[PDB]
2 protein chains.
Amino acid sequence: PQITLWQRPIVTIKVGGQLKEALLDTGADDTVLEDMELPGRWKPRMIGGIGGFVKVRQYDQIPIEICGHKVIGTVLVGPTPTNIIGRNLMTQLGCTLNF
Amino acid sequence: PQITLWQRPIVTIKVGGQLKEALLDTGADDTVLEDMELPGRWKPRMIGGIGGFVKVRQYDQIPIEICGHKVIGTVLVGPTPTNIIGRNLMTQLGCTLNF
Ligand SMILES: CC(C)CN(C[C@@H](O)[C@H](Cc1ccccc1)NC(=O)O[C@H]1CO[C@H]2OCC[C@H]21)S(=O)(=O)c1ccc(C(N)=O)cc1
(Lines give C-alpha, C1' and ligand atoms only; values in the text may rest on other atoms or scores of the structure.)
Protein backbone atom coordinates (compact mmCIF):
# COMPACT_ATOMS: atom_id res chain seq x y z
CA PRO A 1 0.00 0.00 0.00
CA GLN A 2 0.84 3.65 0.56
CA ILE A 3 1.48 4.37 4.24
CA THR A 4 1.42 7.96 5.46
CA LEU A 5 3.55 9.21 8.31
CA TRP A 6 0.96 11.27 10.18
CA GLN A 7 0.99 8.35 12.63
CA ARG A 8 3.60 5.71 13.48
CA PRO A 9 3.76 3.27 10.56
CA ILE A 10 2.89 0.17 12.60
CA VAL A 11 2.08 -3.16 10.97
CA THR A 12 1.19 -6.66 12.13
CA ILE A 13 3.91 -9.30 11.79
CA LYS A 14 4.14 -13.02 12.39
CA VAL A 15 7.47 -14.37 13.62
CA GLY A 16 8.46 -17.46 15.61
CA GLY A 17 4.80 -18.47 15.59
CA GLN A 18 3.86 -15.25 17.37
CA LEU A 19 1.69 -12.33 16.23
CA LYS A 20 2.74 -8.81 17.15
CA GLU A 21 2.85 -5.16 16.11
CA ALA A 22 6.07 -3.63 14.76
CA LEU A 23 7.26 -0.28 13.48
CA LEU A 24 8.40 0.17 9.86
CA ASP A 25 11.66 1.96 10.49
CA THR A 26 13.85 3.40 7.73
CA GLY A 27 16.29 4.54 10.42
CA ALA A 28 17.04 0.96 11.45
CA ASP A 29 19.66 -1.07 9.54
CA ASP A 30 18.31 -4.33 10.95
CA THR A 31 15.11 -5.65 12.49
CA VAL A 32 15.08 -5.62 16.30
CA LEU A 33 12.43 -7.49 18.26
CA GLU A 34 11.49 -7.38 21.95
CA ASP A 35 12.70 -10.41 23.90
CA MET A 36 11.13 -13.60 22.56
CA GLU A 37 12.05 -17.20 21.83
CA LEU A 38 13.60 -18.05 18.47
CA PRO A 39 15.15 -21.35 17.28
CA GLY A 40 18.76 -21.81 16.21
CA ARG A 41 22.21 -20.42 16.91
CA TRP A 42 22.84 -16.76 17.64
CA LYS A 43 25.70 -14.32 18.14
CA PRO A 44 26.01 -11.54 20.74
CA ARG A 45 26.00 -7.90 19.55
CA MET A 46 25.82 -4.43 21.02
CA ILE A 47 23.66 -1.95 19.08
CA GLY A 48 23.63 1.77 19.73
CA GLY A 49 20.89 4.35 19.61
CA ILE A 50 19.60 7.39 21.40
CA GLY A 51 19.68 6.03 24.95
CA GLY A 52 23.01 4.28 24.47
CA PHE A 53 23.58 0.58 23.75
CA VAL A 54 21.51 -2.56 24.20
CA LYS A 55 22.78 -6.13 24.19
CA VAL A 56 21.10 -8.30 21.54
CA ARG A 57 21.18 -11.80 20.11
CA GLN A 58 21.58 -11.96 16.32
CA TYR A 59 19.57 -14.65 14.53
CA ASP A 60 20.06 -15.28 10.83
CA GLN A 61 17.61 -16.32 8.12
CA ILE A 62 14.47 -15.81 10.24
CA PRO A 63 11.21 -15.86 8.26
CA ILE A 64 8.77 -13.08 9.10
CA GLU A 65 5.38 -12.47 7.53
CA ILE A 66 4.66 -8.76 7.15
CA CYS A 67 1.35 -7.56 5.68
CA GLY A 68 0.75 -10.92 4.02
CA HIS A 69 4.28 -11.15 2.65
CA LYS A 70 6.84 -13.77 3.65
CA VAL A 71 10.34 -12.33 3.87
CA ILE A 72 13.50 -13.65 5.47
CA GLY A 73 16.49 -12.01 7.11
CA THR A 74 18.57 -11.11 10.14
CA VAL A 75 16.65 -10.47 13.35
CA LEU A 76 18.19 -8.94 16.47
CA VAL A 77 16.47 -9.88 19.75
CA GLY A 78 16.82 -7.96 23.01
CA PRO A 79 15.36 -5.45 25.47
CA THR A 80 14.19 -2.88 22.88
CA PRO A 81 11.16 -0.85 24.06
CA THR A 82 9.42 -1.58 20.75
CA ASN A 83 9.49 -4.03 17.82
CA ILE A 84 11.29 -2.44 14.86
CA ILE A 85 11.27 -3.64 11.26
CA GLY A 86 14.52 -2.49 9.70
CA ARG A 87 15.78 -1.87 6.19
CA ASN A 88 17.08 -5.42 5.85
CA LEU A 89 13.48 -6.68 5.73
CA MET A 90 11.77 -3.63 4.19
CA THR A 91 13.87 -4.06 1.02
CA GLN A 92 12.45 -7.57 0.67
CA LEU A 93 8.94 -6.04 0.58
CA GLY A 94 9.97 -3.66 -2.17
CA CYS A 95 9.32 -0.83 0.26
CA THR A 96 10.51 2.65 -0.71
CA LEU A 97 10.33 6.17 0.71
CA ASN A 98 8.53 8.55 -1.66
CA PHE A 99 7.91 12.29 -1.75
CA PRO B 1 12.00 11.34 -5.52
CA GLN B 2 11.91 7.66 -4.69
CA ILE B 3 14.43 6.34 -2.19
CA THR B 4 15.12 2.61 -1.94
CA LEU B 5 16.34 1.14 1.32
CA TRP B 6 19.30 -1.01 0.25
CA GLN B 7 21.46 1.73 1.78
CA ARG B 8 20.82 4.22 4.60
CA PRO B 9 18.50 7.03 3.41
CA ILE B 10 20.85 9.88 4.24
CA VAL B 11 20.31 13.47 3.00
CA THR B 12 22.06 16.81 3.45
CA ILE B 13 20.04 19.33 5.42
CA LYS B 14 20.66 23.02 6.00
CA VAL B 15 19.79 24.14 9.51
CA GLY B 16 20.92 27.06 11.68
CA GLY B 17 23.17 28.18 8.83
CA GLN B 18 25.03 24.86 8.75
CA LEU B 19 25.07 21.85 6.42
CA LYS B 20 24.62 18.47 8.08
CA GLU B 21 24.09 14.85 7.07
CA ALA B 22 20.88 13.37 8.46
CA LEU B 23 18.97 10.11 8.29
CA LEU B 24 15.35 9.92 7.05
CA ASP B 25 13.92 7.98 9.98
CA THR B 26 10.29 6.76 9.86
CA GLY B 27 10.79 5.11 13.26
CA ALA B 28 11.34 8.50 14.86
CA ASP B 29 8.36 10.59 16.02
CA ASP B 30 10.73 13.54 16.40
CA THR B 31 13.65 15.18 14.65
CA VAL B 32 16.81 14.91 16.76
CA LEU B 33 20.08 16.69 15.92
CA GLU B 34 23.52 16.47 17.53
CA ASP B 35 24.60 19.51 19.61
CA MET B 36 24.32 22.61 17.46
CA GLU B 37 23.16 26.04 18.63
CA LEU B 38 19.86 27.27 17.27
CA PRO B 39 18.17 30.65 17.78
CA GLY B 40 15.45 31.40 20.31
CA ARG B 41 14.45 29.80 23.58
CA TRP B 42 14.35 26.09 24.34
CA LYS B 43 12.24 23.91 26.59
CA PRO B 44 13.20 20.75 28.45
CA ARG B 45 12.25 17.39 26.97
CA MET B 46 12.93 13.71 27.65
CA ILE B 47 12.84 11.18 24.82
CA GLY B 48 13.09 7.41 24.95
CA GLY B 49 15.42 5.74 22.48
CA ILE B 50 16.48 2.12 22.09
CA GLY B 51 18.93 2.38 25.00
CA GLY B 52 16.91 4.46 27.45
CA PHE B 53 15.74 8.01 28.15
CA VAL B 54 17.78 11.10 27.29
CA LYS B 55 17.43 14.79 28.13
CA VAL B 56 17.26 17.03 25.05
CA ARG B 57 16.66 20.69 24.25
CA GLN B 58 13.41 21.40 22.40
CA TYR B 59 13.49 24.26 19.88
CA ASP B 60 10.28 25.22 18.09
CA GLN B 61 9.60 26.54 14.56
CA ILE B 62 13.08 25.89 13.21
CA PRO B 63 13.47 26.19 9.42
CA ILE B 64 15.33 23.35 7.73
CA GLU B 65 16.06 22.91 4.02
CA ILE B 66 15.82 19.24 2.97
CA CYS B 67 16.19 18.00 -0.63
CA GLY B 68 15.26 21.41 -1.98
CA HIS B 69 12.23 21.81 0.28
CA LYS B 70 11.78 24.18 3.20
CA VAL B 71 10.19 22.67 6.31
CA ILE B 72 9.60 24.51 9.60
CA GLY B 73 9.08 22.68 12.85
CA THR B 74 10.27 21.27 16.16
CA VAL B 75 13.90 20.22 16.49
CA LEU B 76 15.28 18.34 19.51
CA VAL B 77 18.97 18.77 20.28
CA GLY B 78 20.95 16.25 22.30
CA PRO B 79 23.32 13.26 22.36
CA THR B 80 22.43 11.12 19.37
CA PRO B 81 24.52 8.66 17.32
CA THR B 82 23.30 10.46 14.20
CA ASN B 83 21.15 13.37 13.07
CA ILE B 84 17.65 12.00 12.46
CA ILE B 85 14.76 13.56 10.56
CA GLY B 86 11.55 12.26 12.12
CA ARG B 87 7.92 12.05 11.06
CA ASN B 88 7.19 15.59 12.24
CA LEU B 89 9.29 16.95 9.36
CA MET B 90 8.90 14.07 6.90
CA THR B 91 5.15 14.73 6.84
CA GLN B 92 5.95 18.29 5.73
CA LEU B 93 7.93 16.75 2.88
CA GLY B 94 4.92 14.65 1.91
CA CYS B 95 6.87 11.44 2.57
CA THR B 96 5.11 8.09 2.46
CA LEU B 97 6.22 4.48 2.60
CA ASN B 98 5.14 2.44 -0.44
CA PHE B 99 5.19 -1.20 -1.57
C1 LIG C 1 18.41 6.43 16.29
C2 LIG C 1 18.61 5.68 14.97
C3 LIG C 1 19.91 6.09 14.30
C4 LIG C 1 18.56 4.16 15.14
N5 LIG C 1 17.34 3.76 15.87
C6 LIG C 1 16.18 3.57 14.98
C7 LIG C 1 15.20 4.72 15.28
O8 LIG C 1 14.19 4.78 14.26
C9 LIG C 1 14.58 4.59 16.67
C10 LIG C 1 13.52 3.49 16.70
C11 LIG C 1 12.87 3.46 18.06
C12 LIG C 1 13.63 3.10 19.17
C13 LIG C 1 13.04 3.08 20.44
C14 LIG C 1 11.70 3.41 20.58
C15 LIG C 1 10.94 3.76 19.47
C16 LIG C 1 11.53 3.78 18.21
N17 LIG C 1 13.83 5.81 16.90
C18 LIG C 1 14.16 6.72 17.81
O19 LIG C 1 15.12 6.67 18.56
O20 LIG C 1 13.27 7.86 17.88
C21 LIG C 1 13.38 8.78 18.95
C22 LIG C 1 13.15 10.14 18.32
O23 LIG C 1 11.73 10.26 18.24
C24 LIG C 1 11.10 9.49 19.27
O25 LIG C 1 10.09 8.64 18.71
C26 LIG C 1 10.41 7.25 18.89
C27 LIG C 1 11.59 7.21 19.86
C28 LIG C 1 12.18 8.61 19.86
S29 LIG C 1 17.58 2.47 16.83
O30 LIG C 1 18.33 2.98 17.95
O31 LIG C 1 16.29 2.00 17.25
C32 LIG C 1 18.44 1.31 16.09
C33 LIG C 1 19.83 1.24 16.26
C34 LIG C 1 20.57 0.26 15.62
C35 LIG C 1 19.94 -0.67 14.80
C36 LIG C 1 20.75 -1.72 14.09
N37 LIG C 1 22.03 -1.90 14.42
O38 LIG C 1 20.22 -2.37 13.21
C39 LIG C 1 18.55 -0.62 14.62
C40 LIG C 1 17.82 0.37 15.27
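Residues numbered from 1 in each chain as written, not as in the entry; some residues may be left out. Chains lettered and ligands numbered in written order. Heavy atoms only, no water.

Draft legend 1. Region of interest: the interface of chain B and chain A. Contact with chain B, which involves 38 residues of that partner, is made by 40 residues of chain A. In total, chain B and chain A occlude about 3,700 Å² of area from one another, counting both sides; carbon and sulfur atoms represent 64% of this. Three residues stand out in chain B for area buried against chain A, namely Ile 50, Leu 97 and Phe 99 of chain B, and they jointly supply 25% of the buried area on that side. Counting across the interface, chain B meets chain A through 1 salt bridge. Two residues, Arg 8 of chain A and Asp 29 of chain B, come together in a salt bridge whose shortest N-O distance is 2.8 Å. Linking chain B with chain A are 19 residue pairs in polar contact. Of all the secondary-structure elements, those providing two or more residues to the side of chain B that touches chain A are strand 1 (2–3), strand 3 (18–24), strand 5 (42–49), strand 6 (52–66), helix 1 (87–93) and strand 9 (96–98) of chain B. By residue number, the principal contributor to the side of chain B that touches chain A is helix 1 of chain B, which donates 4 residues. Residue composition of the side of chain B that touches chain A, grouped by class: 20 nonpolar, 14 polar and 4 charged. Bridge analysis of strand 9 (residues 96–98) of chain A against strand 9 of chain B gives 3 bridges, and the strand direction is antiparallel. (Contact = heavy atoms within 4.5 Å. Buried area = accessible area lost by both parts, 1.4 Å probe. Salt bridge = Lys/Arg side-chain N within 4 Å of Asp/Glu carboxyl O. Polar contact = N/O pair within 3.5 Å; in protein donor to acceptor, adjacent residues only side chain to side chain. Helix = DSSP H or I, 4+ residues; strand = E, 2+ residues; numbered from the N terminus. Nonpolar A, V, L, I, M, F, W, Y, C, P; charged D, E, K, R; others polar. Pairing = 2+ DSSP bridges.)

Draft legend 2. Representation of the relation of the copies chain B and chain A within the structure. Aligned on chain A, chain B shows an RMSD of 0.5 Å; the corresponding rotation is 178° and the shift along the axis is 0.1 Å. What we have between these two chains is a two-fold relation. Residue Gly 51 of chain B of chain B places its C-alpha closer to the rotation axis than any other residue of that unit, at 2.1 Å. By residue overlap, the copies meet face to face through one surface: 100% of the interface positions of chain B are interface positions in chain A. (Least-squares fit on C-alpha atoms.)

Draft legend 3. Spotlight on the site of the ligand. In the vicinity of the ligand lie 23 residues, with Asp 25 and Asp 30 of chain A together with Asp 25, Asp 29 and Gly 48 of chain B positioned nearest. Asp 25 of chain A is positioned with one of its side-chain polar atoms (N or O) 2.6 Å from an oxygen atom of the ligand. Burial of the ligand by the protein amounts to 91% of the accessible area it has alone, namely 740 Å². Among the elements of the structure, strand 5 (43–49) of chain A together with strand 5 of chain B are those that each provide at least two residues to the shell around the ligand. Take the shell around the ligand: its biggest share by element is 3 residues, from strand 5 of chain A. Tallied by class, the residues present in the shell around the ligand amount to 9 nonpolar, 8 polar and 6 charged. (Near = heavy atom within 4 Å. Areas by Shrake-Rupley, 256 points an atom, 1.4 Å probe, with all protein chains shown as cover.)

Draft legend 4. Focus on the environment of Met 46 of chain A. Residue and element names in this part refer to chain A. Considering the arrangement of structural elements, one finds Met 46 in strand 5. Taking relative accessible area as the criterion, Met 46 reaches 52% and is therefore assigned exposed. Put simply, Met 46 and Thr 82 are 36 residues apart on the chain and 17 Å apart in space, counted from C-alpha to C-alpha. Residues within four places of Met 46 in sequence aside, it is in contact with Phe 53, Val 54 and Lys 55. (Buried < 20%, exposed > 50% of the residue type's maximum accessible area, 1.4 Å probe, protein only.)

Draft legend 5. Layout of the sheet that holds strand 9 of chain A. Taken in spatial order, the 4 strands make up an open sheet running 1(A)-9(B)-9(A)-1(B), and their pairing is antiparallel. Every other strand in the sheet has two partners, leaving strand 1 (2–4) of chain A together with strand 1 of chain B as the edge strands with one partner each. The pairing of strand 9 of chain A with strand 1 of chain B spans 2 bridges and is antiparallel. Residue pairing in the sheet places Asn 98 of chain A in a bridge with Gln 2 of chain B of strand 1 of chain B.

Draft legend 6. Inspection of the environment of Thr 12 of chain B at higher detail. All names here are of chain B. Tracing the backbone through its elements, the reader meets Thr 12 in strand 2 (residues 10–15). Sequence separation of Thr 12 and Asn 83 is 71 residues, and the distance between their C-alpha atoms is 10 Å. In this structure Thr 12 touches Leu 19, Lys 20, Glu 21, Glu 65, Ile 66 and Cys 67, once residues within four positions along its chain are discounted. Only 2.7 Å separates the side chain of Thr 12 from the side chain of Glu 21, close enough to count as a polar contact.

This is a description of form; function is not addressed.
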